[PDB]
Amino acid sequence: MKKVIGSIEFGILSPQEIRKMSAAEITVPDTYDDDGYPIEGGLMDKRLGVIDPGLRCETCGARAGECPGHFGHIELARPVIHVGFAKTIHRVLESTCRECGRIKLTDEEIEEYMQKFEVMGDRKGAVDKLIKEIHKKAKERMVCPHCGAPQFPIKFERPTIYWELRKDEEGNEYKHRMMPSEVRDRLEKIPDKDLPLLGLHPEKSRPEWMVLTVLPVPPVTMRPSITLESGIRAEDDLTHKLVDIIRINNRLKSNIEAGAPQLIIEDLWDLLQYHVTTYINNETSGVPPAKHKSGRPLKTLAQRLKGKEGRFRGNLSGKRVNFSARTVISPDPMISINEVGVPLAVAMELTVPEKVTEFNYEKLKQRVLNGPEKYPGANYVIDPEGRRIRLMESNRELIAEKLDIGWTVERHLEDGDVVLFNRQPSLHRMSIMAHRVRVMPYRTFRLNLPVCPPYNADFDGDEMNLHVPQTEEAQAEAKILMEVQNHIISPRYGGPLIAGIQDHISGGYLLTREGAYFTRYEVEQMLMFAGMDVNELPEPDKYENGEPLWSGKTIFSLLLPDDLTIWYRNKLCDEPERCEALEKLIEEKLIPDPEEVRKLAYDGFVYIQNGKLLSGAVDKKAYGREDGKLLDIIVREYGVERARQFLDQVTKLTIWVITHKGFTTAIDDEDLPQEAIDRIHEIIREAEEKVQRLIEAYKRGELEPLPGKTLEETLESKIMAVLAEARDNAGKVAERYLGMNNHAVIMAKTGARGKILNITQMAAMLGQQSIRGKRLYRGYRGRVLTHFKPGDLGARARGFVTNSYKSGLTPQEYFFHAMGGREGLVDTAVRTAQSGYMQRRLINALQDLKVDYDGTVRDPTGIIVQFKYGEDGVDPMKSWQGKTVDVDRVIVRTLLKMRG
Amino acid sequence: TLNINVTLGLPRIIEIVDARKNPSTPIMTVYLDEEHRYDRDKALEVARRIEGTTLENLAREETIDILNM
Amino acid sequence: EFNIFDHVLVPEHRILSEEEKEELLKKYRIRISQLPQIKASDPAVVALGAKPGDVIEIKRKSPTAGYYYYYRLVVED
Amino acid sequence: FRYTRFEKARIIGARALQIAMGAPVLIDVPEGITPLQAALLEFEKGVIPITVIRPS
DNA sequence: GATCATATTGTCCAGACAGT
DNA sequence: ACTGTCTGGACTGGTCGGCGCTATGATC
Ligand SMILES: [Mg+2]
Ligand SMILES: [Zn+2]
Ligand SMILES: [Zn+2]
């Protein structure tokens, strides 16, 4: 049968257990001889395992690559204090009597502490608090309650040095060094009944085991030895540390057997203690770390376990996996959000293991008969007994003829196969989704554009990874849970994440704007491009020059479901009167006539009645990320598959619109007439005059301190406020003098790409350059640059750039903008590390929380963190703008459904 | 975005989740009763009651002599 | 004087009876050690006059559910 | 009664694993689909035999 | 000439601790 | 009972590519 590890019990290894688990005794501080063979009794002994392929292990008889490795033991001449337990040892040394060995507590106190230990349960914090309280109470008693022997304070010196404060016959206070043998002898006197009071297990954590008498040398496999390209074997750091330990132990044994004086024995004991302490942890405080002959410090077991590169993080929590690829991504609007572009070279390398059944026997037989060099083919074949055979040209037909039910065929990646698509860093669960394999003959990955905002991935050389599940359970889990269309709504804010961006928004605005009409050929072409099932063209809206014309709203209406009705305001609202009139007309009748709506239709108010876009222009508020109301309603009211189809169709339609109608930006997009430039210059002169007046008022002393502030930062804040008002006025002038016919203004207003400030910065001014939230001050004495007078606090001398990008900046203003950009870049480069550390901390704090079947969130111990998740038991992904149920939307939709 | 003195943003979130005993630039929001929330004079007087003013801040010049020491 | 329950940040606190405590234990199938803890030196506990070993029922304002019922266990410091 | 996403994924994975090493399909097959697709069609036809144990 | 034992022992935040 | 001081730990992840190092002073 099969068994799993139900629980793990920790403890301290006893010397008897170390001796029993050891397959050999190590006494030679060497690894290999001149010819390269292992030395008997050495660290590289075959009894501890084999790394070289030729050798065969003595203990288990297995060759390299399959021998698990066997531990050894070293009999230390003298006991050595374990550093990791050392401080804990001191605690026990402050809790037990030096003669009787019992704890320094009364019987009643011991019993009361036993009841306290039994009552509280299994919470770790209470146990540590009780242990600390018991240690503090026992450490202040100088008389043993059981024997009456006097006690002395014990001073702990890092890392493994113990001093006992003793008194001579003359009353002088001196320090006696407690040798590890004396410490172990004192620890041996503590009975098993007092161990729970000290936080030690009677049968698993005996204090005498905290002092090392037998050192467990690791197996050969866990510290492997390799041969370099120069023919010289490269030993591990642990091997060198163990060589030093064995040499020092042998020297100590020889000196002890020779009757060496006490000066020799304690010196060698200290050397062995230092070696063992470095072997346990080379980064111990208060000691010099062990270094190689080249001056490189070694990393021992503690550094192997801890750290980012340690076993826990670099090998256990996260590790490299098989059947994975990684390459650059390129855009592909022609594929669905469910599909990923897999290169042919990647597809012919990564293989899906498919078992031969009664329905896929012919397909897998054809895959085997194609071979690894022909697509679609196979690379490996596994028989039911379990031998894997690689398919070459010779046995390609023979294996195909031998194929039967129960065999496994590692076939090439085919269309429709489910694979994982992950981009690093993975800040959220939406950073990986299961896509469908689409095989194309190029070299790069291809990912659909609406799936990019979930990945936070652009196409400026982004690298993305792909993982192919092997087991059927993993493939099913990827297909059902982590499918792309199932994660359109972001659980972080309950809004659309998989959404149209940039050119999708621009094409939607171009199609759905007022006065946008298309010919019959254009309408048929966009219908075919978007893959819509429109068999017959709708009635044309108007006839121009004898030919029919279709409104873009009519074409957009075919995407929406026939029973959809929603009205809202978008970001293109600048005349609230028309929007208010439309809202009032909708409010009275609740089913306004389409002719009545079209009479007073406004691009700033989106209104869809029965799937017909009667008014409004498409922008980021329609199906953009974090703002699309239409996409949010479509996902929640019509499922995810219909939402995915709508997203694909609308993205293709908008791409067709933006491709053939013509979308471009030029140098005249930021061009302004002479009146706008004159107004901007007037604003500049007014701002500099106000700044100079403020400076003069501060100099003459009539400037008023702000409440709680002195002259300097008050004047600085006033100057910054004046410059901000000037920047706002310049931006308002630029917006006034730039119409909606501008493509850059279209992109800024519709929310496709960029902002209004971006156009303002390229046309009107750059504003004031600020560092760390204040004006630029770092530089020379009294000035930032030497081109200004010292002590000048003017706008031009402190980072206020008057000209824009189109007019070109002065060298001083260019330098100030460089300081601002450098500050921004440093801000992001500093923020990323802190954000990642905080994310890791939060994840490790909340990794184990899970909603149970009764709706309660509990920790693995059993403590109910929440009796109901979110206090209402509602998924934030399925929540409506952070609310439980959108009563307004439900009522309106139901009323419209019953009225229609 | 990194960087009155509310120290908001990522450092504020880090301070909150780390359970800092003394947050950087602590700020308290104080509300007044019906007898002090409608006029400026009572609000100023209760603010000066809350405000901890030491004579060192009120002092303008610092000078230590020797004749009276 | 100033009651601590008049603060807008302080939710309503009540003392659960032994029968109500048993009902709470039965409903979630958890022991008395699996409940959230509240210190005996907490100002709400000393305002209620509670002692360790009891269960405090907290009626809190819910931004998503209006009102929510939490449960805590009084423990010694 | 409704099936959660995790329960549905577990059922589909178990059915696909059963189909891979035996367990003939209870419905017709398009002659070339993977066992995962067979489990998907079995779930879509409402013919799955695997139930879900829920605490009570 | 060809071998061979030995090869040294930057900041910030939080918890514990003498001092008054 | 407070207060400044000493000690300890962590400092986002991933990927491509390269460079370079891991003996020696006696002994017959
Ligand atoms: Mg990029
Ligand atoms: Zn072996
Ligand atoms: Zn004693």
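Numbered from 1 within each chain, the chains take letters A, B, ... in sequence-line order. Ligands are counted one by one from 1 in listed order, and the atoms in each one are counted from 1 as well. The figures that follow rest on heavy atoms only: side chains count, while hydrogens, waters and symmetry mates do not.
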**Study point:** Plane angle bin for A:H743 and A:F663 - parallel if under 30°, tilted between 30 and 60°, otherwise perpendicular
**Key:** parallel
Exercise for review: Assess whether atom CZ of A:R233 is packed by more than 12 heavy atoms of other residues, nucleotides or ligands within 6.0 Å.
Suggested key: yes
Exercise for review: Report, as yes or no, whether the 6.0 Å neighbourhood of atom CD on A:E111 holds more than 12 heavy atoms from other residues, nucleotides or ligands.
Suggested key: no
Exercise for review: With the Zn ion (ligand 2) at the centre, find the angle made by NE2 from A:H70 and SG from A:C60, to 10°.
Suggested key: 120°
Exercise for review: Nearest 10° is fine: what angle sits at the Zn ion (ligand 2) between SG from A:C57 and SG from A:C67?
Suggested key: 110°
Restricting to N, O or S atoms of [X], which is nearest to the Mg ion (ligand 1)?
X      : value
A:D460 : OD1
A:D458 : OD1
A:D462 : OD1

Point to revise | SG (A:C147) to the Zn ion (ligand 3) to SG (A:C144) angle, given to the nearest 10 degrees | key: 80°
Exercise for review: Only one of A:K87, A:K139, A:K137, A:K104 passes salt bridge (charged side-chain N to carboxylate O under 4.0 Å, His left out) with A:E94; say which it is.
Suggested key: A:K139
Review point. Where the side chain of A:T239 meets the backbone of A:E235, is there a donor-acceptor pair that is under 3.5 Å apart?
Key: no
